[PDB]
Amino acid sequence: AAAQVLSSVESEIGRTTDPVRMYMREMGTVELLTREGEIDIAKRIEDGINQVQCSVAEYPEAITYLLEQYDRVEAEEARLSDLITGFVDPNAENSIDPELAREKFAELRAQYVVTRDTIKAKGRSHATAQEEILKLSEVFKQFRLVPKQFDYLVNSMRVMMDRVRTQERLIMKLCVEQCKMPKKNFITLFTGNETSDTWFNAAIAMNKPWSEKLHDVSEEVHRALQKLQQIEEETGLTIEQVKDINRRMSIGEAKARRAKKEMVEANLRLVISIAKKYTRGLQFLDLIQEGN
Amino acid sequence: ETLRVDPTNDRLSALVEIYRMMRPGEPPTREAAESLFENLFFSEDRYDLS
Amino acid sequence: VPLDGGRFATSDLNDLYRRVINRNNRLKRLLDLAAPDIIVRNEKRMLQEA
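Calculation notes
Residues numbered from 1 in each chain as written, not as in the entry; some residues may be left out. Chains lettered and ligands numbered in written order. Part of a larger assembly, values for the part shown. Heavy atoms only, no water. Residues with missing side-chain atoms left out of burial classes, pairs and counts. Helix = DSSP H or I, 4+ residues; strand = E, 2+ residues; numbered from the N terminus. Rg over C-alpha atoms; globule rule 2.2 N^0.38 Å. Buried < 20%, exposed > 50% of the residue type's maximum accessible area, 1.4 Å probe, protein only. Areas by Shrake-Rupley, 256 points an atom, 1.4 Å probe, with all protein chains shown as cover. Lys, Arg positive; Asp, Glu negative; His and termini not counted. Charge placed at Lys NZ, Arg CZ, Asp CG, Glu CD. Contact = heavy atoms within 4.5 Å. Buried area = accessible area lost by both parts, 1.4 Å probe. Salt bridge = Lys/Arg side-chain N within 4 Å of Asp/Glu carboxyl O. Polar contact = N/O pair within 3.5 Å; in protein donor to acceptor, adjacent residues only side chain to side chain. Patch = residues over 30% accessible without salt bridge, like charges linked within 9 Å, V, L, I, M, F, W, Y side chains within 5 Å. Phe/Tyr/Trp six-rings, centres within 6.5 Å; stacked < 30°, edge-to-face > 60°. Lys NZ or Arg CZ within 6 Å of the ring centre and 35° of its normal.

The deposited coordinates for this entry were obtained by cryo-EM, with a reported resolution of 3.22 Å.

Right, dumping it as C-alpha cells:
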C-alpha cells in the first residue's frame, strides 16, 4: 500500500511549488518490475494486438482493400510506390519479391472466389460457410502489414461504426425523446428483423396511441431504416456481426492500452536517470517529458 | 517547556520531521532522512568550518 | 537585432514565448498519442507554469 503514506504526506506538505519533486512523488508510487513484469506485459500487448488483427479479419472488405491497391500497381508493370513496403509480408516463425506476393495472393483469390457461393447456401449461418470464412480470415492472418496502412485500415472500422451508431441513435434522437415509446419492447423489436417494418407496423397493431401518430414522422423515421439497409447492403455484413466485431476490438484495444500504460511508468525512473545527465542546455523537466 | 512543545517521541520521528521541514512535499524515507541529516553537518565534502 | 561583432541580442520575452509554445506543441502531440494520464497531467502543469 504505497498510497497510504501519500495521504500522510500530501495532507502535511509544506505546499511545495516545485513541479519536479511533485512529479517525482507522483511517479514514485509505481514500483520496478524485473524478469517477470516485462514478459507478462509483452504477452498482454501481443494478445491485444492479435485480438485487433482478428477483429479486422472478419470484415469482408478488408481483404478487398488488402488486394485492390496491389492490383492497381500490378498494371504499372512494377510497384515502385511505398505501398509495396505495405505488402502482406508474411511472418516467419527484405525486398518484396513477386515470387512471394503472387504466391500469397493466389490463395487469396481462391478464397475470395470460393467464399461467396457458400454464404448463400443454407443462409449466412451455414456451418461450412462459417468455417470457410474462418479459414479465409486465417489465411489473411498469416500476413504482417505495416502500421501506416494498418492505421487507416482500423480507422475504416472506427468511421463505419461511428456512422452506423449515429444512424442508430438517430432513432432516439427523433422519436424516443419526443414520442416516448418504452425501450423494454423497443430493444426486443429492433433486434427482431432490422431489415423491414414488421415491428414498425406491429406497434401500430397494438394500442400505442403515441405510435398511432407516426405517419407525420414516417418520412423521417423510415430514413434511418433505409440508411441502415444501405449500410448492410454496402458492407455485406449483418448488424449483429459488426457489433460483435467492434465490441471485441474495443476490449482488445483497451487491454493493449492498459498493458502499455502500465509498462510505461515502470521506467520513468530510467527516464529521469538518463535526463539528468543532459542538463544545462534547455531545462530539466522538459528533457524528462522528451524522455517519456 | 521545549519537550512539552515537542510532538516527536523517538529518533525516527525527529529525522522524519527534519526531512519534512527541509524538503516539503517529498515523502520521507527510512534511509533518506538519515542520509540528509548526515550530509547537513557531518560530511566533509558538504560541510567545513576551516 | 544583430550586434556589431556579429552577435545577437533579444529580450527575455522571446525565451518565454519559445518555452510556452514548445510546451504547447508537445501537449498537442501528447494528446493525439493517447499518452498515460500522468504524463498528460505533467505536461498540462508544465504549460500552466510556463
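There's plenty left to go through after this.
### Things to note about the overall build of chain A
Scanning chain A for helices and strands turns up 15 helices and zero strands. With the C-alpha coordinates of chain A rotated into their principal frame, the extents come out at 75 × 60 × 35 Å.

### Quick notes on the overall build of chain B
Helices and strands together make up the secondary structure of chain B, namely three helices and zero strands. Computed over the C-alpha atoms, the radius of gyration of chain B is 13 Å, more than 25% above the 10 Å expected from 2.2 N^0.38 for a compact globule of 50 residues. In terms of its C-alpha atoms, chain B occupies a principal-axis envelope of roughly 35 × 25 × 15 Å. Evaluated residue by residue, chain B yields a buried proportion of 16% over its 50 residues. Total accessible area computed for chain B in this model is approximately 4200 Å², and 53% of it derives from carbon and sulfur atoms. Within chain B, one finds 6 positive and 11 negative side-chain charges whose respective centroids are separated by 4 Å.

### Here's the deal with the interface of chain C and chain A
On the chain A side, the residues contacting the 14 residues of chain C number 16 residues. Approximately 1300 Å² of surface area, both sides summed, lies buried where chain C meets chain A, with 52% of it carried by carbon and sulfur atoms. One can count four salt bridges joining chain C with chain A. In this assembly, chain C and chain A are joined by nine residue pairs in polar contact.

### Focus: a nonpolar patch on the surface
Residue and element names in this part refer to chain B. A cluster of nonpolar side chains, contributed by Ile-18, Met-21, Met-22, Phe-37, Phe-41, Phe-42, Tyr-47 and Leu-49, occupies part of the molecular surface with about 830 Å² of accessible area. When contributions to the nonpolar patch are tallied by element, the ones reaching two or more residues are α2 (11-22) and α3 (30-41). Tracing the backbone through its elements, the reader meets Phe-41 in helix α3.

### So, the side chain of A:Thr16
All names here are of chain A. Mapped onto the fold, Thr-16 is located in the loop between α1 (4-10) and α2 (19-27). On the accessibility criterion, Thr-16 (14% relative accessible area) is buried. Within polar-contact distance, the side chain of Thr-16 engages the backbone nitrogen of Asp-18 at 3.3 Å.

### Details of the packing of aromatic side chains
For the structure on display, the rule yields ten aromatic pairs over all chains. Taking the centre distance of 5.8 Å and the plane angle of 70 degrees together, the rings of A:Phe190 and A:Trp199 count as edge-to-face. The class for A:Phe190 is buried, based on a relative accessible area of 15%. Centroid distance B:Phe41 to B:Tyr47: 5.8 Å. Interplanar angle 85 degrees. Geometry classified as edge-to-face. Given the relative accessible area of 38%, B:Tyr47 is considered partly exposed. Members of the aromatic cluster, connected to one another through ring pairs, are A:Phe186, A:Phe190, A:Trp199 and A:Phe200. Above the plane of the ring of A:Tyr112 lies A:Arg109, whose end atom (NZ or CZ) is 4.3 Å from the centre. Taking the ring centre of A:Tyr112 as reference, the NZ or CZ of A:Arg116 above it sits at 4.2 Å.

### A closer look at the interface of chain B and chain A
Each partner contributes to the interface: chain B provides six residues, whereas chain A provides seven residues. Surface buried jointly by chain B and chain A totals about 660 Å² across both partners, of which 57% is contributed by carbon and sulfur atoms. Of all residues in chain B, the largest losses of buried area upon contact with chain A belong to B:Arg20, B:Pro24 and B:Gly25, amounting jointly to 61% of the total for that side. Here chain B is connected to chain A by zero salt bridges.

### Structural notes on the pattern of salt bridges
All chains considered together, the criterion is met by 19 salt bridges over all chains. A:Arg248 is the salt-bridge partner of A:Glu58, the closest N and O atoms lying 2.7 Å from each other. Note on A:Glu58: relative accessible area 31%, which makes it partly exposed. As a salt-bridge pair, C:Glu49 and C:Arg23 come within 3.7 Å of each other at their nearest N and O atoms. Of this pair, C:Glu49 sits in helix α2 (residues 37-49) while C:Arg23 sits in helix α1 (residues 12-32), and the two are 26 residues apart along the sequence. You can call C:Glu49 exposed: its relative accessible area is 54%. Among the residues examined, C:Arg23 registers a relative accessible area of 3% and is labelled buried.

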